[PDB]
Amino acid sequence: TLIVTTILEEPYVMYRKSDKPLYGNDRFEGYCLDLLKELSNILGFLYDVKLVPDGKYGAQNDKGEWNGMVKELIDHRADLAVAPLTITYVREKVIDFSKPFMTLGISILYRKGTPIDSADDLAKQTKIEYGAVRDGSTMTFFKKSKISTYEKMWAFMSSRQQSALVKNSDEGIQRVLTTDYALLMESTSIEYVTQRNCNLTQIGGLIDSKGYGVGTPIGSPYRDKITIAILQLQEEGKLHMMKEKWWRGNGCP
């Protein structure tokens, strides 16, 4: 029986809707749960899903200490992390990621109706505020970047004691819907959001290329097996079916 650490994030992992109190794995549904089910069926393991106690994904502080799901793996409090956990340089040095089960890139979430069409449109002005979820991989992309425009955007994002950043995606979404604000957001989440709320749209294409992967502790004997199962699921068209299932939403033009 593996311990799986995860985090609430639509539509990957959500509280199931019911009139009775829920317990254990039955508390949850979503893309990641469907994934975990397929993975257990292929590999034959049992699993206990547990929300990550500090409710974080995994980032470093000044002193080099980790938190979130990444920390859970490092400390062996979980065997797998199944969540939209972005595969990044800094994380991959401290955990063993499976190969990606989903591809994505950073893009822009914004309200419909405007001439804005790219990141460059934002970086070369100051009237439109823009930011990212604080300490997420998207923020780290801008902070570590040495590319001109992205350097400029980070300067603005982090200025004024980081007032342009948000603590979570929902806050970002509300901020886009209410004020003159664009959120730098992972493309898969933009796709999800813009098919439920027809007032929102993606601006431009992907500014980078990356994946979500299943996290395991360094040296874990499951990583390679999960990689192999993921490849099987992709080649069978199942990853694609799973995403169609959970991204369908309400439908927007």
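What we label the rigid core is the largest C-alpha set whose atoms superpose within 1.5 Å from one form to the other. One rule holds for the numbers: they count along the sequence shown, beginning at 1.
Between stretches 21-29 and 238-246, greater average Cα displacement in 9 other deposited structures of this protein relative to the shown form, fitted by the core, falls on 21-29. Relative to the shown model and aligned on the rigid core, the C-alphas in 9 other deposited structures of this protein deviate most, among 227-235 and 12-20, for 12-20.
Comparing the deposited coordinates for 30-38 and 210-218, the stretch with the larger average C-alpha B-factor is 30-38.
Stretches 122-130 and 169-177 differ in mean C-alpha B factor, with the higher average recorded for 122-130. Of the candidates 116, 83, 80, 94, the PDB record gives 116 the highest C-alpha temperature factor. In the deposited coordinates, the residue among 74, 147, 90, 109 with the greatest CA B-factor is 147. In the PDB entry, residue 164 places in the middle third of its chain by CA B-factor. Among the modelled residues of the chain, residue 224 sits in the middle third by CA temperature factor in this PDB entry.
In the deposited entry, the Cα temperature factor of residue 137 sits in the bottom third of values across the chain's modelled residues.
Split the chain's modelled residues into thirds by C-alpha temperature factor. Residue 45 is in the middle one. Residue 3: CA B factor in the middle third of modelled residues in this chain (values from the PDB entry).
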